[PDB]
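Nothing in this text is a laboratory measurement; each read-out follows from the coordinates by a stated rule. Note: ideal-geometry Cβ built from the backbone for every residue, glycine included; neighbour counts use all protein chains shown.
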Amino acid sequence: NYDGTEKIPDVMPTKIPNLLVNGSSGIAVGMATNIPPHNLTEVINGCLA
DNA sequence: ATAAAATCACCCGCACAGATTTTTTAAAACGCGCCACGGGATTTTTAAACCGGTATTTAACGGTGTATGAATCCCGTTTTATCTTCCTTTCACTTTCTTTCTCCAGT
């Protein structure tokens with residue numbers, strides 16, 4: 001952490017494709033993102049395919 | 001000094017609706033000119049009124065069976081009369097800045 005007295009995970013070991021099913025939206029310097037949500041069953045079927 | 005409840009400015013990308021701002025275009029206008037058109041004075045011809053008569057074609061009249069016009073009752077629409085308001089304006093007051101007049105200690 002900032003004081004060097006704790007530990008924080010670098011990334012989560014997720015079982016869910018969260019990015020596609022929930023989307024995202026943010027504004028940065030020189031760029032931006034905009035992603036719509038989706039349906040979980042269709043994403044799972046696509047991953048299996 | 002402990003409790004209860006509230007409010008606002010800016011940064012970073014991107015897409016779009018709305019508000020100016022040039023730019024182009026069609027209508028209105030002006031000056032000059034010429035010839036198409038209408039006025040005036042003869043020739044010509046034909047549309048309609050007038051006499052017949054005849055042969056149809058219409059309107060006024062007497063029964064039935066409706067469709068609608070005036071009256072009543074409402075509710076959205078638009079006018080008109082009637083309140084409050086923010087900028088213009090001065091203006092007497094207040095405040096604040098600039099120059100001047102002394103004091104005055106020192107030598």
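A few notes on this one:
- Pair list, Cβ < 7 Å and 6+ apart or interchain, from the range A:16-43 residues that are more than 16 Å from DNA strand B (Cβ to nearest atom) to residues that are in a loop (DSSP other than H, G, I, E, B): A:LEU20/A:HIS38; A:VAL21/A:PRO37; A:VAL21/A:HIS38; A:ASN22/A:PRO37; A:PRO37/A:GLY23; A:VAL43/A:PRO17
- Verdict on A:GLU6 being acidic (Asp, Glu) and surrounded by 10 or more Cβ atoms within 10 Å (Cβ to Cβ): no
Residues are listed down the side, and each one gets a yes or a no for (1) on the phi < 0 side of the Ramachandran plot; (2) over 12 Å from the mean Cα position of the chain (by Cα):
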site	(1), (2)
A:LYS7	yes, yes
A:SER24	yes, no
A:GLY30	no, yes
A:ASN39	yes, yes
A:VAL43	yes, yes
A:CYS47	yes, yes
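- In summary, A:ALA28 fulfils each of the numbered conditions (1) exposed (fewer than 10 other Cβ atoms within 10 Å of the Cβ); (2) touching a strand residue (DSSP E or B) at 6+ places or on another chain (Cβ under 6 Å) with the single exception of condition (2).
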